[PDB]
Structure formats: structure tokens, C-alpha cells
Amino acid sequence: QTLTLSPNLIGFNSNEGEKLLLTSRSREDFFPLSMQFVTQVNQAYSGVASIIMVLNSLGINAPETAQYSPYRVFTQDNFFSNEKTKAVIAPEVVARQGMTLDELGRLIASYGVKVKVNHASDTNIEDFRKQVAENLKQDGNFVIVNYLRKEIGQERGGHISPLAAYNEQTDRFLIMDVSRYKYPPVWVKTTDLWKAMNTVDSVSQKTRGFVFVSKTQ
């Protein structure tokens, strides 16, 4: 039960979508993110799924729980075991209204990793293409985006999901969509994704945007 993609998007679930990855020259992040790819456990945890993909990909030290002990890994359930994390915003609130861009950043920063929040309002499409594309060539850092689905031709509201690769020939980014029951990963034209982050989240009264994540040293 997958939803159908608007003509403007190229699904990863297609030959075209696979070739956009095999031809892309900015994709170093796809392999680790794919290894950690996860379904948001409820329809408002897209930010939590996205964070744990990134933190697990960065290999930073993970929570110690009964679940997988002795093994340690970020999961959507144990992400909030960090008291500074709940302090930002409680899990039962995220389970209702999700998380804003600034909150996403603080929730990542609660685990001591380096974050840079970019509101669409404080930048422009060129430095986003330039900077994001650069990140996608490098290990040890990642990109998460927060965007209004409606503006790239999907249903519907604000979403969060990491990016895995950029296709230089088509000017499209690959979104590793954590709503896996709903949409496959899609290749979205920078034009559409920009429009999509350049939207005001009523919750924050601030624009959506994108966040760079890396380790502090």
C-alpha cells in the first residue's frame, strides 16, 4: 500500500531512480544511511527516525538498554532515554505534533554531536545546493531536511527525512523517506525541495530548512 508519486519526483523504486544513484557523484552518505534505514514507528516520529539514522551512521555512543544489550544502538524508543533529550521536548509530545526544525537541532545537540540549523529564511537555494552536495561527498557528516510534502507533490504536511545523495545531471536530491509504509525514497528537484523548506511552520512561526550533523572531533 504505497502512494503514487507525482510526475515531478523520481522514485528510488524504479529503474530511473536506481540509475540516478549509480550515476551520481555525490553519494558517500547513501551507504551508511541505507544500513540504518528505519520506519518511523508512528506517523509523527519522522524526526526521531531521521535522527537515529544519522546518529547510528555517525557511530556515536549509543544508549545502553535491556533491548539489545550487550549491543548498543539508537532506536526510536531509546532515543529519549537521555534526560537532556526529553528536556528539549518530551516524547509524548513528539508522538502528537512532531518536532520543529529548531527542536530537531536541539534534540541532536543533546547527544553532544555538532549541529548547524539552516532555516530557509536565512539562506538561499544556491548555498543549499552547493553545501548539501558537498556534504554528500564526505563521510562523518550528514544532512537532514524538514519540508512541506505538499510543495514537492506529496501528502502533505511538514516532514523530516535525511538526504543520501545528489544527482548532478538532474539536479535532484535523494530523500531517504522514513515514512516507508507511505512513500519510497524519492529523487526531488532542488527547485521543489527548496520551495518545500521555504515554508513557515505554524508551530514555530519560522521557516523549515535543513540541518548539518557531524561529530565534534
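Residue numbers run from 1 along the displayed sequence.
**Stretch with the higher entry mean CA B-factor, where the candidates are 145-153 and 22-30** = Between 145-153 and 22-30, it is 22-30.
Of 40-48 and 161-169, the stretch whose C-alpha atoms average the higher B-factor in the entry: Between 161-169 and 40-48, it is 161-169 that shows the higher mean C-alpha B-factor.
Could you say which of 72, 116, 106, 96 has its CA atom at the highest B factor, as listed in the PDB entry? Out of 72, 116, 106, 96, the record gives the largest C-alpha B-factor to 116.
Peak C-alpha temperature factor (PDB record), options 110, 121, 81, 100: The record points to 121.
**OP:** Please rank the C-alpha B-factors of the chain's modelled residues and tell me whether residue 187 sits in the lowest, middle or highest third.
**Re:** It falls in the top third of the chain.
- Task: Check where residue 175 lands among this chain's C-alpha B-factors and tell me if it's the lowest, middle or highest third.
- Result: Its C-alpha B-factor, which the entry lists for residue 175, ranks in the middle third among residues of this chain.
* Asked: Can you tell me which third, lowest, middle or highest, the CA B-factor of residue 125 falls into for its chain?
  -> For residue 125, the deposited C-alpha B-factor lands in the highest third.
- Query: C-alpha B factor of residue 61, ranked within the chain: lowest, middle or highest third?
  - Reply: It falls in the top third of the chain.
Is residue 15 in the lowest, middle or highest third of its chain when residues are ranked by C-alpha B-factor? It belongs to the highest third of the chain when residues are ordered by C-alpha B-factor.
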